[PDB]
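my_file-v7.pdb, holding PDB, C-alpha atoms:
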```
ATOM      1  CA  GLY E   1      43.340  83.011   7.732
ATOM      2  CA  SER E   2      45.504  82.727  10.824
ATOM      3  CA  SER E   3      49.219  82.157  11.268
ATOM      4  CA  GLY E   4      51.243  81.169  14.310
ATOM      5  CA  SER E   5      53.124  84.288  15.344
ATOM      6  CA  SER E   6      54.488  84.250  18.874
ATOM      7  CA  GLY E   7      57.774  86.123  18.746
ATOM      8  CA  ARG E   8      60.813  85.080  16.745
ATOM      9  CA  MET E   9      61.871  81.822  15.135
ATOM     10  CA  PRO E  10      64.892  80.477  13.242
ATOM     11  CA  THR E  11      64.897  79.609   9.558
ATOM     12  CA  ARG E  12      66.415  76.744   7.606
ATOM     13  CA  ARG E  13      64.104  75.424   4.914
ATOM     14  CA  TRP E  14      62.822  77.449   1.983
ATOM     15  CA  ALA E  15      59.788  79.670   2.419
ATOM     16  CA  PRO E  16      56.706  80.258   0.257
ATOM     17  CA  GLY E  17      57.635  82.469  -2.671
ATOM     18  CA  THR E  18      61.175  81.210  -3.128
ATOM     19  CA  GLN E  19      62.236  80.041  -6.568
ATOM     20  CA  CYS E  20      63.619  76.519  -6.442
ATOM     21  CA  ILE E  21      65.256  74.564  -9.240
ATOM     22  CA  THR E  22      65.028  70.874 -10.049
ATOM     23  CA  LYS E  23      68.083  68.685  -9.604
ATOM     24  CA  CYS E  24      66.915  66.240 -12.246
ATOM     25  CA  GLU E  25      64.217  65.974 -14.888
ATOM     26  CA  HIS E  26      60.899  64.280 -14.218
ATOM     27  CA  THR E  27      58.826  63.360 -17.247
ATOM     28  CA  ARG E  28      56.754  60.769 -15.425
ATOM     29  CA  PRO E  29      55.990  61.665 -11.801
ATOM     30  CA  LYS E  30      54.310  59.408  -9.271
ATOM     31  CA  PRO E  31      50.553  58.765  -9.299
ATOM     32  CA  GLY E  32      49.250  62.143  -8.197
ATOM     33  CA  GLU E  33      52.405  64.193  -8.607
ATOM     34  CA  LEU E  34      53.527  67.001 -10.882
ATOM     35  CA  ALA E  35      55.967  66.658 -13.756
ATOM     36  CA  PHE E  36      58.940  68.863 -14.549
ATOM     37  CA  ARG E  37      62.276  69.035 -16.328
ATOM     38  CA  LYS E  38      65.830  69.562 -15.139
ATOM     39  CA  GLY E  39      66.452  73.201 -14.303
ATOM     40  CA  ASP E  40      62.839  74.264 -13.926
ATOM     41  CA  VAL E  41      61.765  77.332 -11.987
ATOM     42  CA  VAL E  42      58.990  76.842  -9.461
ATOM     43  CA  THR E  43      57.493  78.912  -6.668
ATOM     44  CA  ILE E  44      57.047  77.482  -3.193
ATOM     45  CA  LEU E  45      53.271  77.498  -2.927
ATOM     46  CA  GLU E  46      53.316  76.205   0.630
ATOM     47  CA  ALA E  47      55.593  74.639   3.216
ATOM     48  CA  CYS E  48      56.404  70.944   3.090
ATOM     49  CA  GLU E  49      53.810  68.826   4.854
ATOM     50  CA  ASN E  50      54.186  65.319   3.479
ATOM     51  CA  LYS E  51      57.541  64.364   4.947
ATOM     52  CA  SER E  52      60.242  65.427   2.517
ATOM     53  CA  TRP E  53      57.913  66.967  -0.038
ATOM     54  CA  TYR E  54      57.278  70.534  -1.135
ATOM     55  CA  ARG E  55      54.432  72.102  -3.075
ATOM     56  CA  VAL E  56      55.572  74.408  -5.851
ATOM     57  CA  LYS E  57      54.004  75.868  -8.972
ATOM     58  CA  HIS E  58      55.351  75.236 -12.452
ATOM     59  CA  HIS E  59      55.808  78.526 -14.267
ATOM     60  CA  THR E  60      55.806  77.215 -17.817
ATOM     61  CA  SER E  61      53.138  74.638 -17.064
ATOM     62  CA  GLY E  62      51.124  76.496 -14.453
ATOM     63  CA  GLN E  63      50.063  73.475 -12.434
ATOM     64  CA  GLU E  64      50.518  72.656  -8.768
ATOM     65  CA  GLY E  65      52.007  69.413  -7.504
ATOM     66  CA  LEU E  66      54.290  67.996  -4.839
ATOM     67  CA  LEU E  67      58.051  67.931  -5.252
ATOM     68  CA  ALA E  68      60.811  65.889  -3.657
ATOM     69  CA  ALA E  69      62.406  68.016  -0.963
ATOM     70  CA  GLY E  70      65.547  66.148  -1.952
ATOM     71  CA  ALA E  71      65.231  67.135  -5.593
ATOM     72  CA  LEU E  72      65.172  70.906  -5.279
ATOM     73  CA  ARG E  73      67.994  73.428  -5.225
ATOM     74  CA  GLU E  74      68.578  77.150  -4.861
ATOM     75  CA  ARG E  75      68.532  78.782  -8.275
ATOM     76  CA  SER E  76      72.133  79.901  -8.600
ATOM     77  CA  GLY E  77      74.094  78.865 -11.667
ATOM     78  CA  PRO E  78      77.447  80.135 -12.955
ATOM     79  CA  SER E  79      75.701  82.265 -15.550
ATOM     80  CA  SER E  80      74.211  85.730 -15.869
ATOM     81  CA  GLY E  81      75.622  88.513 -13.726
TER      82      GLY E  81
END
```
Just give me the structure as C-alpha cells.
Amino acid sequence: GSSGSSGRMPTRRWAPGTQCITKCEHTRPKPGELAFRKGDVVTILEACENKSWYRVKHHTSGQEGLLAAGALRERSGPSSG
C-alpha cells in the first residue's frame, strides 16, 4: 500500500473510521447499493470516489455498499451524556 503524504493538508469531509448516521431510511437501495434504516451506524470504509457517494459498513448487517454523501450525518443526538 502507498498513500500520498507530502506535508500537511486541510480537512472537511469525513475520514475512514468515522461513524456516520443515516438521515433517512432505505429499505430498497439502487441496483448495486446497500440498504439501511434511519439512524444507522456505519463506518467509513473508504473515501468518496463516485461523486457524492461514500462507502461505509453496516454494523448490524455487516455488508459494504455505497451511501449518498447527502444522506449521512454526524452521529450526535440529544440523548446519552
| field | Picked residues, the PyMOL selection byres ((chain E and resi 55-57) around 12), as a PyMOL selection string | value | chain E and resi 14-22+33-36+40-54+58-69+72
Give me the box for stretch 29-40 of chain E as JSON, namely the centre and edge lengths in Å to one decimal of a box along x, y and z that holds every listed atom plus 5 Å on each side.
```
{"center_x": 57.9, "center_y": 66.5, "center_z": -12.3, "size_x": 27.2, "size_y": 25.5, "size_z": 18.1}
```
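Going from atom CA of residue E:71 over to atom CA of residue E:26, you cover 10.1 Å.
Reported to one decimal place, the separation of atom CA of residue E:23 from atom CA of residue E:79 is 16.7 Å.
Relative to atom CA of residue E:27, atom CA of residue E:75 is found at 20.3 Å.
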